[PDB]
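Visitor:
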Amino acid sequence: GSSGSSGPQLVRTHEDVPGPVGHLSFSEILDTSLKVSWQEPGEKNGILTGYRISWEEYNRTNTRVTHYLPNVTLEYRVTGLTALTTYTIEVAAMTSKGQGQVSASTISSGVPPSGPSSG
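Just so you know, we're using our numbering here: the sequence shown kicks off at 541 and counts up by one.
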């Protein structure tokens, strides 16, 4: 249904936009392609209008992208990364006011298969 998980332990103060999405999730990772998943934030603070995702190397914004998703999607496949490389995927939420906090989780590309089996 719609449950939470533990209490929010982060600066809240006065804020309209939403907070950090559920939790970053990475699957079907490869050498230059990985899937990103998350959940709905408990600080919806309104009716989510969408989610702003942004993937980028460990410390290389130059390799950052800006994508947009609806308030129905919470996962997206990333592509154009690097094999055996550290990356950071930031997933933010967008409301009728704007974008709020962002969940950035460090993830290092899986590994390049370089052909089937080995070849």
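Every residue, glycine too, gets a C-beta built ideally from N, C-alpha and C.
Is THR601 helix, strand or coil when you go by DSSP?
Guide: Against the sequence shown, residue 601 aligns to sequence position 61. Helix.
Visitor: For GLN641, list the residues DSSP reports as bridge partners.
Guide: Locating residue 641 in the sequence shown gives position 101, where the first residue counts as 1. Bridge partners of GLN641: none, in fact.
Visitor: On a Cα-Cα basis, can you pick out the residue from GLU583, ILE569 and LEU570 that is closest to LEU550?
Guide: To locate residue 550, count along the sequence shown from 1; it is residue 10. The option with the nearest alpha carbon to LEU550 is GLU583.
Visitor: Going by the DSSP bridge assignment, what does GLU596 pair with across the sheet?
Guide: Numbered from 1 along the sequence shown, position 56 holds the residue referred to as residue 596. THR628, per the DSSP bridge assignment.
Visitor: From this set, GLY650, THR646, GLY640 and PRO653, which residue's C-alpha is nearest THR553's C-alpha?
Guide: Locating residue 553 in the sequence shown gives position 13, counting from the first residue. The shortest C-alpha separation from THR553 is found at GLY640.
Visitor: Can you give me the C-alpha to C-alpha distance between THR606 and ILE593, rounded to a whole angstrom?
Guide: Taking the sequence shown and counting its residues from 1, one reaches residue 606 at position 66. Taking the sequence shown and counting its residues from 1, one reaches residue 593 at position 53. When rounded, the distance between both Cα atoms is 6 Å.
Visitor: Please classify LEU624 as buried or exposed, where buried requires at least 16 other C-beta atoms within 10 Å of its C-beta.
Guide: Taking the sequence shown and counting its residues from 1, one reaches residue 624 at position 84. With fewer than 16 Cβ atoms within 10 Å of its Cβ, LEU624 is classed as exposed.
Visitor: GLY590 by DSSP, collapsed to three states: which one?
Guide: As a working mapping, residue 590 is identified with position 50 in the sequence shown. In this structure, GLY590 counts as strand in the three-state DSSP scheme.
Visitor: Can you round the beta-carbon distance between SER565 and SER546 to whole angstroms, since I take them to be within the 8 Å contact cut?
Guide: Reading the sequence shown from its first residue, position 25 is the one you call residue 565. Reading the sequence shown from its first residue, position 6 is the one you call residue 546. Contact doesn't hold; Cβ gap of about 16 Å is too wide.
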